[PDB]
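Take a look at this single chain, the form deposited in one PDB entry, given in structure tokens.
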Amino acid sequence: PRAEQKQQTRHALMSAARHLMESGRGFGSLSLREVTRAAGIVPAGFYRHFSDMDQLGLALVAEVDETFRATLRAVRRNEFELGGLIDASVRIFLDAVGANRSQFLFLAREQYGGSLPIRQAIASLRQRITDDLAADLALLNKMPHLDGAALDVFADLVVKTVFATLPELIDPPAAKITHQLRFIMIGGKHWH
């Protein structure tokens, strides 16, 4: 229908809030009014799309989750090959961040600093990412010296490193992060 325009306006509010953040400001500090101002609706017109700012926040988590998971599926598609696994996936990853700066900006900025339902939605998307990593590694016996409990700890260290590297990939890398993921992988290989 032309409730496609309703959707286009919802994307405007969303894209407007993310973009308003690219200046160091956090999602909790954004007013409904300024977001509507930026997106091109009069304040009360926010309520046709979200009940409040928190709800917009939640929709921003879902948007980035979807993008983050699409990238990791691309990385997952390359792990069945042999050699150069790290370099190739760092590249796939860095491209996806490049192509979606403001989404990963939101995630990097809110990963600890948001409201409650936003902190929780992020912790959740992160646990899934971590569980998927532990399941990838287990599948291909890529870390044989590591049992289920150890893989969980390993995958947590890798995801943590990635999440903690996001801020660096937006403000201003490839070789450095690759170098760093190697230290971790080497540590998993020679474990014991």
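Numbering starts at 1 and runs along the sequence shown. Note that the rigid core is defined as the largest set of C-alphas that superpose within 1.5 Å between two forms.
There is another form of the same protein, the form deposited in another entry; it is not shown, and what comes next is about it.
Which one moved? Candidates are 159, 32, 59, 143, criterion is a Cα shift of 2 Å or more between the shown form and the other one after superposing on the core. It is 143.
Any CA movement of 2 Å or more for residue 178 between the shown form and the other one, core superposed? Yes, because once the rigid core is superposed, the C-alpha of residue 178 moves 2 Å or more between the shown form and the other one.
Using the rigid core as the reference frame, would you say residue 117 shifts its C-alpha by 2 Å or more between the shown form and the other one? The answer is no; the displacement is under 2 Å.
Residue 102 and residue 24: their C-alpha distance differs by 3 angstroms or more in the other form. Do they come closer or move farther apart compared with the shown form? Compared with this form, residue 102 and residue 24 lie closer in the other form.
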